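Novice: Chains as they are written, first to last, in the entry's author numbering: chain C, 521 to 547, 572 to 664; chain B, 521 to 547, 572 to 664; chain D, 521 to 547, 571 to 664; chain A, 32 to 57, 66 to 77, 82 to 155, 160 to 176, 189 to 309, 312 to 323, 323A, 324 to 396, 412 to 458, 462 to 504; chain E, 33 to 56, 66 to 77, 82 to 176, 188 to 309, 312 to 323, 323A, 324 to 353, 363 to 396, 412 to 455, 469 to 504; chain F, 34 to 58, 66 to 77, 82 to 177, 189 to 309, 312 to 323, 323A, 324 to 396, 412 to 458, 463 to 504.
For every residue, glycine included, the Cβ atom is placed at its ideal position computed from N, Cα and C.
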Amino acid sequence: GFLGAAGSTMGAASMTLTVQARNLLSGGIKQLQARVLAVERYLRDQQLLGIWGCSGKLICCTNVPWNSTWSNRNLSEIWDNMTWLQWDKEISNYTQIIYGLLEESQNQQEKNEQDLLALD
Amino acid sequence: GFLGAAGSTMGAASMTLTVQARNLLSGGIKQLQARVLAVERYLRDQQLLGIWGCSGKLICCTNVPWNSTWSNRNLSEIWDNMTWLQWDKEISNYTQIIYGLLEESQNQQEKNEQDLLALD
Amino acid sequence: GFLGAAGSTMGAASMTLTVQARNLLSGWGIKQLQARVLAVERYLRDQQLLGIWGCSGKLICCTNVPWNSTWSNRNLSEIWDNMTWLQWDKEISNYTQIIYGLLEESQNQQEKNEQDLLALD
Amino acid sequence: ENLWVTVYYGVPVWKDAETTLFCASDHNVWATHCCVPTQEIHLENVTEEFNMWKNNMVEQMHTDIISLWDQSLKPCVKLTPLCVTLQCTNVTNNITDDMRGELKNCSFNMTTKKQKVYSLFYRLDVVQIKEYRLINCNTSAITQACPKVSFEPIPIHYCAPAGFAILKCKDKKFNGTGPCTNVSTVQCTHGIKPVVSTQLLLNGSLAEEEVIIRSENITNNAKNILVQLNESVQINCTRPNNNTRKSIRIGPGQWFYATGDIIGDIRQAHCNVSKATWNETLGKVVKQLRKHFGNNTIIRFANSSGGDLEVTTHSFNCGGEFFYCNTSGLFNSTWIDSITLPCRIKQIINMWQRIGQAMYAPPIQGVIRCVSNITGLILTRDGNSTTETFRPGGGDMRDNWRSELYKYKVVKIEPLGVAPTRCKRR
Amino acid sequence: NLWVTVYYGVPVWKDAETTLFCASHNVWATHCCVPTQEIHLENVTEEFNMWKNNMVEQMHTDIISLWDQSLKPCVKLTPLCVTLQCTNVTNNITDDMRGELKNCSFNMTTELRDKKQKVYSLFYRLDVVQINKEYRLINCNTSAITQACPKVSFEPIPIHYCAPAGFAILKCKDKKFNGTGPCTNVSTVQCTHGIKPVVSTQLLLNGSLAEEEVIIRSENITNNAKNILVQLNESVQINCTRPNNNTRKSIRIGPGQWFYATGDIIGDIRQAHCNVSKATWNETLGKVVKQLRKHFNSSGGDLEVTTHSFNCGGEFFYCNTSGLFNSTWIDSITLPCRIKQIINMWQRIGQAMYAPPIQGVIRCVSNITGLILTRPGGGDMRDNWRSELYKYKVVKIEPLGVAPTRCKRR
Amino acid sequence: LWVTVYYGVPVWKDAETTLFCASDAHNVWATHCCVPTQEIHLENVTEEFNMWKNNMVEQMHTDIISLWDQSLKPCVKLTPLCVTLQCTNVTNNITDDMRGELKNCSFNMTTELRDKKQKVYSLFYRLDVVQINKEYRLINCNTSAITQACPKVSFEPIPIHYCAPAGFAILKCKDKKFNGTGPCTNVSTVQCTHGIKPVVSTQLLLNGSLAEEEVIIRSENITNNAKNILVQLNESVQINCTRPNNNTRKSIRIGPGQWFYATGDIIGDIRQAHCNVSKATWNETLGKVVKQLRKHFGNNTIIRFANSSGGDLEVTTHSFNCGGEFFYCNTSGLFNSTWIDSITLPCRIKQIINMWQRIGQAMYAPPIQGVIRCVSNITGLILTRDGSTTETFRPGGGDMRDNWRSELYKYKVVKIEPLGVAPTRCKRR
Ligand SMILES: *[C@@H]1O[C@H](CO)[C@@H](O[C@@H]2O[C@H](CO)[C@@H](O[C@@H]3O[C@H](CO[C@H]4O[C@H](CO)[C@@H](O)[C@H](O)[C@@H]4O)[C@@H](O)[C@H](O[C@H]4O[C@H](CO)[C@@H](O)[C@H](O)[C@@H]4O)[C@@H]3O)[C@H](O)[C@H]2NC(C)=O)[C@H](O)[C@H]1NC(C)=O
Ligand SMILES: *[C@@H]1O[C@H](CO)[C@@H](O[C@@H]2O[C@H](CO)[C@@H](O[C@@H]3O[C@H](CO[C@H]4O[C@H](CO)[C@@H](O)[C@H](O)[C@@H]4O)[C@@H](O)[C@H](O[C@H]4O[C@H](CO)[C@@H](O)[C@H](O)[C@@H]4O)[C@@H]3O)[C@H](O)[C@H]2NC(C)=O)[C@H](O)[C@H]1NC(C)=O
Ligand SMILES: *[C@@H]1O[C@H](CO)[C@@H](O[C@@H]2O[C@H](CO)[C@@H](O[C@@H]3O[C@H](CO)[C@@H](O)[C@H](O)[C@@H]3O)[C@H](O)[C@H]2NC(C)=O)[C@H](O)[C@H]1NC(C)=O
Ligand SMILES: *[C@@H]1O[C@H](CO)[C@@H](O[C@@H]2O[C@H](CO)[C@@H](O)[C@H](O)[C@H]2NC(C)=O)[C@H](O)[C@H]1NC(C)=O
Ligand SMILES: *[C@@H]1O[C@H](CO)[C@@H](O)[C@H](O)[C@H]1NC(C)=O
Ligand SMILES: *[C@@H]1O[C@H](CO)[C@@H](O)[C@H](O)[C@H]1NC(C)=O
Ligand SMILES: *[C@@H]1O[C@H](CO)[C@@H](O)[C@H](O)[C@H]1NC(C)=O
Ligand SMILES: *[C@@H]1O[C@H](CO)[C@@H](O)[C@H](O)[C@H]1NC(C)=O
Ligand SMILES: *[C@@H]1O[C@H](CO)[C@@H](O)[C@H](O)[C@H]1NC(C)=O
Ligand SMILES: *[C@@H]1O[C@H](CO)[C@@H](O)[C@H](O)[C@H]1NC(C)=O
Ligand SMILES: *[C@@H]1O[C@H](CO)[C@@H](O)[C@H](O)[C@H]1NC(C)=O
Ligand SMILES: *[C@@H]1O[C@H](CO)[C@@H](O)[C@H](O)[C@H]1NC(C)=O
Ligand SMILES: *[C@@H]1O[C@H](CO)[C@@H](O)[C@H](O)[C@H]1NC(C)=O
Ligand SMILES: *[C@@H]1O[C@H](CO)[C@@H](O)[C@H](O)[C@H]1NC(C)=O
Ligand SMILES: *[C@@H]1O[C@H](CO)[C@@H](O)[C@H](O)[C@H]1NC(C)=O
Ligand SMILES: *[C@@H]1O[C@H](CO)[C@@H](O)[C@H](O)[C@H]1NC(C)=O
Ligand SMILES: *[C@@H]1O[C@H](CO)[C@@H](O)[C@H](O)[C@H]1NC(C)=O
Ligand SMILES: *[C@@H]1O[C@H](CO)[C@@H](O)[C@H](O)[C@H]1NC(C)=O
Ligand SMILES: *[C@@H]1O[C@H](CO)[C@@H](O)[C@H](O)[C@H]1NC(C)=O
Ligand SMILES: *[C@@H]1O[C@H](CO)[C@@H](O)[C@H](O)[C@H]1NC(C)=O
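#1: Per DSSP, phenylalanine 151 of chain A is paired with what?
#2: Return the residue from the list F/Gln258, F/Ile251, F/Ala48 and F/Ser274 that minimises the CA-CA distance to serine 264 of chain F.
#3: Taking only beta-carbon atoms, is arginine 617 of chain C less than 8 Å away from chain B?
#4: Look at the alpha carbon of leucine 259 of chain A and the alpha carbon of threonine 297 of chain A, and state the distance between them as a whole number of angstroms.
#5: Per DSSP, which one or two residues make a beta bridge with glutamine 293 of chain A?
#6: Are the stretch 495-504 of chain F and the stretch 260-279 of chain F in contact at 8 Å, needing three or more beta carbon pairs?
#7: How many angstroms separate the CA atom of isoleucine 396 of chain A from the CA atom of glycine 380 of chain A?
#8: By the 10 Å Cβ neighbour count, where 16 or more other Cβ atoms means buried, how is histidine 374 of chain A classified, buried or exposed?
#9: Judging by CA-CA distance, which residue of A/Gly343, A/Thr320, A/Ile423 and A/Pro76 is the nearest neighbour of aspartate 57 of chain A?
#10: Less than 8 Å separating the beta-carbons of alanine 200 of chain A and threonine 132 of chain A?
#11: Mind checking whether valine 36 of chain E and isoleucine 642 of chain C have CB atoms under 8 Å apart?
#12: Mind checking whether the beta-carbon of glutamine 440 of chain E lies closer than 7 Å to any heavy atom of ligand 17?
#13: The beta strand (DSSP E) that contains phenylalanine 93 of chain F, what's its start and end?
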């Protein structure tokens, strides 16, 4: 069920990503406004994943290294013994930094792809 | 040439997917409702292809095997014989079964890729 | 720095495309819904075109459709280094639909070819 | 053995659907509404099932027409100062005796300082409670239609929203229901004039090969029969009197338009239908009715029954004027140079059988003449042995639109689907 | 050797204020056109605050808005702002009804602008004010009076509030939850369950009962500016009636414009009243007091706050509760009631409604499921809805997040 | 070479869209512009601007008319007020300039009960009444309904900002000498316009932007005498306006929740309303305007300034609204010179206002209690030119679009179209 994994640890809750994604787009003027806004939220999250090179994926790996100053916590203290609700507080002030780094890395990677396809 | 292939067999009709796809998004309160609905329907289908790991493709192959119970037919009795309208009726009662299997398969595939990248 | 590169040549302005992309969704009664619905529709139509041409998820997409000297009889050294994108857009404004049609045709054939090879070569 | 699910997007399939269609077209009410400007694909091997009696496009059109009518009358003069006692006498000034008693010269006290004013009214709009009152002053407010607003029908087209398509039946014999084997996809309808009428359908489409009789459950007497003719019958209608208008000020920038004096002699409104054309047309209808009722069954046409003027007569809007014509001169024969139909004129109009609203139709200056095409008939069966009596009738406006929107069906496109193939590993 | 890994579909949320929609000739049945799932969340602790809850504010706004849309397309009774000629109602009237009803005659308009008619009707004392035997309706001073359309039902039916996509409603299931602080028994729901929009003062009717004990709740206990909402453990059944067998007359005042006037009473004339069992009420207060001790007659304002405002059968009652709250802690009780036809709802002053008369005799039985105390009080309305929505909060779902993993792209 | 597809390309097209209003967080604009409120230089962009065809002006004009009408729509009508008035002169401690300006009118008006009437009185300005057959009726009673403006509603202009919707951008011209139309070689992109105060006036434009280097003369066609000249000053001229009479407000019940706000008695002496313009400042200001006009009309041309001629006191006067009161001031004391301590302009006051040259509507402006003082900045002028060595200029006005063109001239709306192709050497494989 939706949010069923909310109290589970991060490494367990990561297995219900389809459940959560599946119900985000689909669960007088104000009803119309509610629908338009739900679409806008959906698209902003999808655009952002596309910019980072994660279009079409629920789990994606990038080339931005984890900077330990963002969390100062090791493995098995994050993917276990912790839930996503808590993790979302542990790094709440580094979100914009990470997002900017993700956008920069993807732009550099696309340029490198374009050159390899011309050079080879 | 929208729906020009509607009476043709599946084998021919699969070659006109672009004409159908490009005409689905475009072409007082009721006008806005009509526009919002066109967008919501478009996005629901795109989300579903994405959750199944087919984002960006008009034709995608998956790893869910076909069950002889869903349709007890040879390929030559389908692709070179039936139209898509006929096919849609013949297997309509298995729609949710197949969709559920497609979501499970993609979730497992993403996890396996993540583990391989971490391992390599 | 939205449109900061406008006026710069294509070889410089082609970089930093994230800036003009990430600012396309991030914006009375009926009139404001119309403004919002339109922004969504315009966004989706451009994404739909990138998808149908096989460029989904990319800001820079290489294709397999040859460039015709008819569309623009110019060298790369006088396009990427001398022209701005505003100038280029005018230079080939009458070939846009031709190119887009060719891109759709190419992608359709490519998907069929991939399906045939996935099915045991 | 080695088959896998393959997912396809852009699959050419559909489902029956009910959606909102928008209007499009080439100071008219429909011209300003159907502001969107205005393409057929034959489907080679598609058989589809149509049903004109359960077609949602008909209900959508009915609703849109009512809405536009009511909306165009909102920003107009509300004639409440006229619900006063009138003292009326008969107009005898150069009347040709067909019109005797039809027109009255009404004097009344306008309370907007009070003033004494005069106007002419048609008999049908005045209640003899001298001491007269206008019809509907006890039931509803009467709104004067704005003189600048034109209610002349223009072709309009209904168009599908994105994600939907309209399927059109091209069979020549299509009987209104069942499978059709000549189906094409269109973006919009052919252009329908929203003509309002009773008994006779004016300015519609003609059948291409023969008269087609369409009805739901035809053996059921309590059903209307829509007869589509293959040739039109031209009907010439006129309001011969030369009218003028009298503008009565009833407020700070508001005027009531009253019928003024008639210039010249006063004669009755009428419609002319050629005898030969009508006789051949009616004979064709009989030839086709016998296919359902028997080759040796006698067919008799009789005129309308009792009921409201709006359904017992042939109602139509001609030049903006409202006519109520007597069709007993047409539907009167037994089957085994011109016909003149007397007409009445009425100014206070209650449309679509509603009684909580009323419109005052301003008088129209000059003389009115219309040339219209009879394209179809609406008949009913009279409740027998070997004689089948048919009468003109039916006041439900939906049936005037079913007659054009019978070839169209709305379907929802469902582009996503799956099928077995031999590929694996994406 | 850790890398940023991006996840979508992460089950997290933030508090949020969004618009909820309603789901099910009644006004709410017509409005709540949407037809009508609970997921337990193990190990989720959440913070709730019933006193800071946008759901209550939206319900209040929706009720006012719906009410106004309902009255908008109805007869506007401005022809009645005339001097009325009024005498007392006599004949088979009891001692308790003397001066309660007045028989008013007046000069009214008709369907024609040049005609007038003389009509008469009965009014309750509360609706008619002197201005000799010359009276006017109480609101022919500050506003127009709109007649409610007789076909319209304002009967409360249960309605459900439902979240839009991207949002969820979290429900607190803890027993003995006092409207604030952490809740450890939490579940996600699609909608708020059936909440009946019952409008009343002092006594809350037809609400939810507490599972085990009477629950005392307030924004700031020991303040004096705040009301105490008491949720009862058991219901108290209250039997109300307007015993007089009445009739109606329809008067045409314009072109299809009808006014519904109170006609002669055709039976005997008696006072309206409400009954409760005496022991049930005494036990109920004893339970409330027991709980008040764990923490340690109405007066002031108009009838709308000093009496028990109550809608029964569609009629508007103003009942005297001094018979219920007259005891110091350390077979039945009868409450006299007044009836009023001109109603000014929600402390608004620019609007007024005329409540059409009801034929025959009215009887109803209601459940007292809670009290508003301060000594009875209330009249705030938002506080009535807080008694059903105290267990719900709306949260925004936030699907993206990042975390360190050992997975590198390529 | 191969076709390469690029998304996020920095290009645009001219476009017309609906802009939304934002503001700096019972005023009409404050209520409407509910969205609360940077600049990017575009090096080497040389875009073409055209003030006279700028769609942003039409949008602003429409928004002003619409809000004004929606604001008045729900307010009490004064239909029951137009009855024959019985009027006499106000003669108590009145100066000479004011004799005949004010009248004391009594009349029979309705009450909250249908069967009752009351006798009331009020004061009116001469310009608001029509003598009949002493007996008077209000101006416009027989042509339009007069709607009373709600006394709680403020029409005070506040700065407002126009902002582009997503997918659009506003380009701003920074050329200090830009004359409305033509190429601009110094262009930047903004999200919102600067704060523009929707001030309504004729002849003299108050509280706008100043030119930065010199007085700028702008015209669609400087040689076409049928077109107006918009003059933007490089310094402001301060103008001090007042209505010195200490007035009162008399509330009259006219119906059940319906009130009329009548002008009550005046406390103290009665004097004429007026505006003061510094004399030396005005003289220098025109000298600068003249130098810039010579650049278009000849350096040996005689330039004359003269006052207005035809038209009603809507256009022949300097109309403005401050303190909630409507003033119609005489500017002939300013536009009176030939080019080779203070100026006092007398003012008229009106309560029945016909906005935006419409004739079927009218507004009644409730009286303002006490005394009104306004200090405004003259930031620009509207001049017209007479149709062979002498040119004559006169004050213009009436068409509000020209006031809004004085602020919305630097801005252009464009649509962003971030998708295109170009040849490259890469091939997809
Ligand atoms: C079935 O379809 C037919 C048409 O195929 C309809 O018949 C037409 O109906 C319209 C409206 O009733 C008639 O229009 C009127 O024609 C008058 C005659 O003018 C003729 O001569 C002038 C000479 O200069 C020509 O310019 C003109 O085109 C005509 O040939 C006009 O005088 C009328 O003008 C008045 O009304 C218009 C309305 O917009 C105003 O703008 C004018 O100022 C003025 O007040 C008007 O134009 C038309 O003539 C009819 N055609 C025929 C053949 O008779 C049927 O009515 C329709 N059936 C039904 C039931 O709707
Ligand atoms: C707390 O909750 C209780 C219910 O648990 C509410 O009390 C009920 O309130 C409703 C509405 O006021 C009452 O419904 C009315 O009952 C009248 C009598 O019913 C008898 O006749 C019907 C005939 O069909 C039988 O089915 C029924 O069993 C009885 O024998 C009806 O006459 C009323 O009808 C009205 O509408 C129709 C519409 O066509 C008109 O024709 C009628 O003239 C009339 O106007 C209506 O149905 C219900 O009876 C009450 N229950 C009890 C136990 O009394 C409380 O009101 C609620 N508390 C609060 C504060 O709201
Ligand atoms: C041009 O801008 C100036 C301000 O720079 C405007 O003048 C100001 O107008 C307001 C509203 O009339 C005055 O405020 C009022 O003060 C009284 C004091 O008793 C108060 O009761 C009112 O509620 C209100 O707050 C303000 O004082 C005044 N400024 C000055 C210097 O006097 C001017 O109106 C603008 N010009 C035009 C034509 O709009
Ligand atoms: C509005 O119309 C009325 C008439 O309906 C005008 O009043 C008349 O004016 C003439 C000439 O001054 C007098 O001889 C009449 O006796 C007046 N009639 C009444 C009933 O008094 C009125 O003047 C018009 N309004 C305006 C502003 O002029
Ligand atoms: C809740 O915590 C317990 C341990 O206290 C654990 O066994 C259980 O699996 C957790 N529930 C969920 C949904 O993860
Ligand atoms: C974010 O900043 C606030 C500043 O008050 C601080 O309290 C909070 O702990 C910080 N969060 C993180 C993740 O460091
Ligand atoms: C229609 O069916 C016939 C066989 O009956 C076939 O030959 C023809 O190619 C089909 N047409 C299309 C467009 O598929
Ligand atoms: C689906 O099930 C229904 C019975 O519930 C049956 O009538 C129908 O034929 C079935 N359709 C298919 C494709 O098997
Ligand atoms: C495209 O390139 C080929 C190269 O042989 C040329 O023949 C063709 O004419 C070009 N297309 C157009 C429209 O000129
Ligand atoms: C309609 O169907 C008939 C066969 O019944 C065929 O001969 C005719 O050509 C078809 N017409 C169209 C328009 O397809
Ligand atoms: C014609 O329509 C009637 C409608 O009741 C139907 O019963 C009949 O079968 C139809 N005829 C044909 C040939 O389909
Ligand atoms: C057709 O009409 C007959 C009566 O003439 C009736 O018995 C039958 O049920 C009707 N059929 C349908 C499909 O309604
Ligand atoms: C109707 O009028 C036309 C000319 O407009 C004429 O040719 C025709 O014969 C007339 N028809 C009748 C029945 O009079
Ligand atoms: C009649 O009404 C007056 C005023 O309400 C009251 O004082 C008097 O007692 C009443 N008389 C009767 C018989 O009720
Ligand atoms: C109605 O008006 C007449 C006017 O003479 C008055 O005598 C009578 O008393 C009034 N009637 C009522 C009930 O107000
Ligand atoms: C209240 O109790 C009295 C007896 O004291 C009884 O006559 C009356 O009918 C009861 N009222 C109700 C509403 O049951
Ligand atoms: C009660 O009211 C009904 C209403 O129809 C009436 O018929 C009946 O006689 C009344 N009974 C009385 C006054 O006892
Ligand atoms: C309320 O009515 C019910 C009907 O069964 C009755 O049992 C109960 O005693 C009544 N309550 C009171 C307080 O009279
Ligand atoms: C009243 O005003 C008129 C305006 O022309 C003036 O002539 C007249 O003398 C004034 N009367 C008094 C008493 O001042
Ligand atoms: C009010 O009406 C009376 C009617 O006799 C008249 O004498 C009086 O002069 C009127 N008053 C005013 C101020 O018009």
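Specialist: According to the structure data:
#1: A/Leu129 and A/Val164
#2: F/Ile251
#3: no
#4: 17 Å
#5: A/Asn448
#6: no
#7: 41 Å
#8: buried
#9: A/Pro76
#10: no
#11: yes
#12: yes
#13: 92-94
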